[PDB]
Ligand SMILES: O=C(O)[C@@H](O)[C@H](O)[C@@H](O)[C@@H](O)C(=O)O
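Only one chain is included here, represented as structure tokens and corresponding to the form solved without ligand LGT.
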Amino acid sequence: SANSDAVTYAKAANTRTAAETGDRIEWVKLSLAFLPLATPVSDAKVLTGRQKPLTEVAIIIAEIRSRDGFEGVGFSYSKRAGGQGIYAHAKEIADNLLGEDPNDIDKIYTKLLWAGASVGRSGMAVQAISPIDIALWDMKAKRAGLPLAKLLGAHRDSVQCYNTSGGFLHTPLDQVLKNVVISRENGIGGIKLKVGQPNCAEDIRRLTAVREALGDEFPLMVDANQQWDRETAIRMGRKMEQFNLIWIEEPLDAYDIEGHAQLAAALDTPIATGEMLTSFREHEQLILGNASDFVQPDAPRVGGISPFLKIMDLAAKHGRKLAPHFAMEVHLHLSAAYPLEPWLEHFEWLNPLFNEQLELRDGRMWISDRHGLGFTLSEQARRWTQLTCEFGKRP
């Protein structure tokens, strides 16, 4: 019998608890590095005069080590102003990590938010937590002897990949076409072209050329980087319907929810947006407002893997496709865990920071057997480091 007329309580033998035997964070190192871009980069934001060409990328790295011998690495970044502040805040809150069980990621994330309650739950402050949150996930996956995608649970072992770095607006059409050949010969699965410049006719000229060279079937997409007004957006949308694009990205201001939704409802061509958003809450508003067919979160920008998972789940509930922005080294794993077929964005920019390179084969990027994020920091990453700080003591 499993019960009686009264109530009985069992006596435990193994009096040992999870609290007293869990691992502990003992050391943390933060770094602010700058990735130089020899060829200044310009998208529509530059051509409209909203910004200056991009000449470097700030990279904020977090390295964490536990008492029991585990280590995690993660990073966030900034294109243009923002890296100094991300590093500075991370440095001001990092010591809160010491003595914490590294497996209680959300508990730690919350503690970090309270430690910096004055500066919000979105924006730069969460981007300062991103490197740490990502490093903790990297550590847990390694602890389990699994690539991050497998710790989370994968739906696919490789992801469709398209290139963005060879289609910027500072690049002459003849060179853009040369890049398409190089990219395709290397097994790329799609091409994205930057548009949204004042001269609309030119963008059409460039787009028609690319589609012409690629052929009717090869996946092709465009990105306006918020540079069109509503009138121009719909107009260009109608005109582009003919190219059979996988999507039209950021046709309007990143916070113009009704404008995006209106555009997505009027065109059969999918609408994509989200890279500029900096929190789950911001993405939620776009999603509830039916802003786009493709949701494009950026783990470093939204606060790390933890909030990115919540964003993915919400998008999935709304039947939206996922096309994460930049940081393929991290997004490869997240997109592999997405229920619906996703897209991965390629830039060769961060390659020098790591000793390993991802495998691009037949249009898809494959998940290697390496653990966690599957990357180790290179000598160059250290050479490009401008500021660093440490807490605790190396075990």
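All residue numbers are counted from 1 along the displayed sequence.
Although it is not shown, the form solved in complex with ligand LGT is what the next lines describe.
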Contact stretch among 344-352, 63-71, 361-369, 26-34 - heavy atom within 4.5 Å of ligand LGT in the entry with it bound: 344-352
Sole residue of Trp137, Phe168, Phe294, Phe280 within 4.5 Å of ligand LGT in the entry with it bound, by heavy atom: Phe168
Under a 4.5 angstroms heavy atom criterion, identify the one residue in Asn225, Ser306, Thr269, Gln197 near ligand LGT in the entry with it bound. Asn225
Even though the partner isn't displayed, in the entry with it bound is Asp133 close enough to ligand LGT, meaning a heavy atom within 4.5 Å? no
Using a 4.5 angstroms cut-off on non-hydrogen atoms, would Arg121 count as touching ligand LGT in the entry with it bound? no
Spell out, yes or no, whether the shortest heavy atom distance between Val41 and ligand LGT in the entry with it bound is within 4.5 Å. yes
At 4.5 Å between heavy atoms, is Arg80 in contact with ligand LGT in the entry with it bound? yes
